[PDB]
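As a plain string of letters, each chain reads:
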Amino acid sequence: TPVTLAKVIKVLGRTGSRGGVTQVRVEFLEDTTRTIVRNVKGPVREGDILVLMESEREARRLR
Amino acid sequence: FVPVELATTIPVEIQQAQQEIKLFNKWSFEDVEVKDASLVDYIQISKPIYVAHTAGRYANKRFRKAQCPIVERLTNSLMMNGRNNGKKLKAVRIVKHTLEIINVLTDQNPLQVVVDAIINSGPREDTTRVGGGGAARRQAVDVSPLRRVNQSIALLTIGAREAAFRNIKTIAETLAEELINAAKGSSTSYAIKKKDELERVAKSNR
Amino acid sequence: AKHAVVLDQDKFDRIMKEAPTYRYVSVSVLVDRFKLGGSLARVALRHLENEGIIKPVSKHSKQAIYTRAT
Amino acid sequence: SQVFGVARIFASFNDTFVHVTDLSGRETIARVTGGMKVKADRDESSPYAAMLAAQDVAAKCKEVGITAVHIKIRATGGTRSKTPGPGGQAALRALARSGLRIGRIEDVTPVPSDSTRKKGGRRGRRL
RNA sequence: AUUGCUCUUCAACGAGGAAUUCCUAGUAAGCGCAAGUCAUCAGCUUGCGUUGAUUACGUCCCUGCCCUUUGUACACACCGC
RNA sequence: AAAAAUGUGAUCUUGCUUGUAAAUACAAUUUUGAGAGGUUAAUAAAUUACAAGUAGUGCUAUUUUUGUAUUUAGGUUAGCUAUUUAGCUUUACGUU
Ligand SMILES: [Mg+2]
Ligand SMILES: [Mg+2]
């Protein structure tokens, strides 16, 4: 299982049609300085770390 | 070392298990380092507490739930269902029993095992229902560390409860079993299965 | 009924053979390895705690956790 | 080195094709469509189906002996839309994923000079 | 059977479908007390304390409501004309 | 099943192409509260049983010993879904 260990630099607004998802810009732990805006479900904060499967796939504001 | 004579006499064992080391209920609280960024800081074994019981003004601001101990959290989770609702002492007892069981099984630190189980249980990516016109399309979304931890905590508890329902296997024992399973990532436990399912779902919607 | 309540000499012997082994002995554990039902299991456990063999960890009502010597 | 094809993605609304051919056009390789891989009537133009079709096409190509393609995209054209469907892009993505190589992408939708009368009537199409 | 107690009878119900209620901290839920009515009757109620969590700490997807801009043959005002 | 031995024109047992003898019982909650008229139409299932035409193989195989047996035991579909080495039901086929 190839897993990517990501890290939160800036929270880029609360998103979704409903409440429970947040847009977050992400500088991943290994191989730094490649920022991706990805969606996070739960309580998020600056300097939080994200475990994820499918890394290089940027998300958008959900309708 | 150094049993000081207080007029109200204390048991010898109790005296021994004090002062020198900042222990848990009986045994040591040290080590247990996760080695998985995300679940460090929000699974807190850094704070050494002696019983899984505090007043705990944790539900107040936002992230103070993080700094609440793991054992306490587990106890709280156990406390679920109206029949058993409140009754924190009982939950604590159950937790203790589980810990004991863990200790008995393959020696090893019980706290560590619990932590491992928790780690195993956190889903990496979960789906959330979007409107998008009308139909029930589900976009896969990454899970925030605290949230993941919470989910893990829930799932194990749920599994334990299920095991209990019409059973000898005393809830504590069931919980212990679940924890063990999680530690040796078997996919025989319930929480683990759920996590797997979630992962599959995420994969499907990506 | 699902059986495992009937009492015998042979059954007793098998139970004995043996207290040694198993990380922990819990009424629950005893049943169902398909042994004598609840009360019987408890009794067996108690017996095992007579002269060594299996020492205790917990002592509570129904949450009775025991483990092999020594 | 690189053995070529022409991909030909007919991406209409309510179905997608992926029709891989030789460079002259005559001799085909695989014609795999959206409705072929998902029996649901509705789910024909639907992305997943399109992707599946693309994958199938790729597989067929591999079986045959081809390495690269030239993407040509066709929206329904003329009397209809002139707007690439939901599952052309999806199909393309699928193709890319497959590893069947890509070179020279075009949209060859037959956009007329001045069409012969369109759908609807004068008052149009009134849901 | 007012209600209580004593023995006896042991029914349905192995966590409940479509639906939908309540809830954000000493809260939720559990637990009993308490007066109210009361000659006698608590499964009710207003309070009380005891035990005491899970999850948000957001959003407009639904629901309602509010405004603004719009359109109006309505003004007993959409159950309108 | 194990074993000693008699005898049959040396011996032994893998199914192929045929037609007849038989086990899917019984029913009720329901069907428009009781009776009558149709298992309408449709339709036999491989399963066991004896013998053919011998590829097989000479078809039929007998007299006596050891144990309560010691023999070799358990379980498979049918559908839906982009949870597709997983999820949900799980013998459908007029309705039960
Ligand atoms: Mg009874
Ligand atoms: Mg009343």
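Residues numbered from 1 in each chain as written, not as in the entry; some residues may be left out. Chains lettered and ligands numbered in written order. Part of a larger assembly, values for the part shown. Heavy atoms only, no water.

In the PDB archive, cryo-EM is given as the structure determination method for this entry, at a resolution of 3.8000 Å.

As annotated in the PDB entry, chain D is Ribosomal protein uS14 from Kluyveromyces lactis. Here chain D is described in UniProt, under the heading Sequence similarities, as follows: "Belongs to the universal ribosomal protein uS11 family." (UniProt positions renumbered as here; feature names shortened; annotations may be inferred.)

In the annotation of the PDB entry, chain A is listed under the name Ribosomal protein eS28 and assigned to Kluyveromyces lactis. Taken from UniProt, the Sequence similarities comment for chain A reads in full: "Belongs to the eukaryotic ribosomal protein eS28 family."

Chemist: Got a sec to walk through the packing of aromatic side chains? Specific residues and values, please.
Modeler: In the structure shown here, the tally under the stated rule is four aromatic pairs over all chains. The interplanar angle of 85° and the centroid separation of 5.6 Å between the aromatic rings of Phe10(D) and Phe17(D) together place this pair among those described as edge-to-face. Taking the relative accessible area as the measure of exposure, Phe10(D) reaches 25% and is therefore partly exposed. Classification of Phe17(D) by relative accessible area gives partly exposed; the value is 26%. Ring pairing ties together the aromatic residues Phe24(B), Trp27(B) and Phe29(B), which thus form one cluster. The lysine or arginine in question, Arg33(C), covers the ring of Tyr22(C), its NZ or CZ lying 4.7 Å from the ring centre. (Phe/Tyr/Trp six-rings, centres within 6.5 Å; stacked < 30°, edge-to-face > 60°. Buried < 20%, exposed > 50% of the residue type's maximum accessible area, 1.4 Å probe, protein only. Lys NZ or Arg CZ within 6 Å of the ring centre and 35° of its normal.)

Chemist: Help me get a handle on the interface of chain B and chain A, residues and values and all.
Modeler: Listed by partner, the interface residues are 27 residues for chain B and 25 residues for chain A. Here chain B and chain A share one salt bridge between them. Note that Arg38(A) and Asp142(B) form a salt bridge whose closest N and O atoms lie 3.5 Å from each other. Joining chain B to chain A, the criterion identifies eight residue pairs in polar contact. Those elements that provide at least two residues to the side of chain B that touches chain A are β1 (125-129), β2 (138-142), α6 (145-164) and α8 (190-204) of chain B. It is α6(B) that provides the largest number of residues to the side of chain B that touches chain A, a total of five residues. Here the residues of the side of chain B that touches chain A are counted per class, giving eight nonpolar, seven polar and twelve charged. (Contact = heavy atoms within 4.5 Å. Salt bridge = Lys/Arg side-chain N within 4 Å of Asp/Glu carboxyl O. Polar contact = N/O pair within 3.5 Å; in protein donor to acceptor, adjacent residues only side chain to side chain. Helix = DSSP H or I, 4+ residues; strand = E, 2+ residues; numbered from the N terminus. Nonpolar A, V, L, I, M, F, W, Y, C, P; charged D, E, K, R; others polar.)

Chemist: Explain the arrangement of the chains to me, using residue names and the numbers behind them.
Modeler: The structure contains two pairs of chains in contact, of which chains A and B account for the largest number of contacts. There is a clear gap between chain A and chain C: no contact, and 34 Å between their nearest C-alpha atoms. Looking at chain C next to chain D, you find no contact at all, with the nearest C-alpha pair sitting 48 Å apart.

Chemist: Outline the protein's contact with RNA strand F, supporting the account with residue identities and numerical values.
Modeler: All residues in the neighbourhood of RNA strand F are listed as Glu197(B), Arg200(B), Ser204(B) and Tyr48(D). At the protein interface, 45% of the atoms of RNA strand F within 4 Å belong to sugar or phosphate. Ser204(B) places a main-chain nitrogen or oxygen 3.3 Å from a base nitrogen of RNA strand F. Tallying contributions element by element places α8(B) first for the surface near RNA strand F, with three residues. Across the surface near RNA strand F, the residue classes break down as one nonpolar, one polar and two charged. (Near = heavy atom within 4 Å.)

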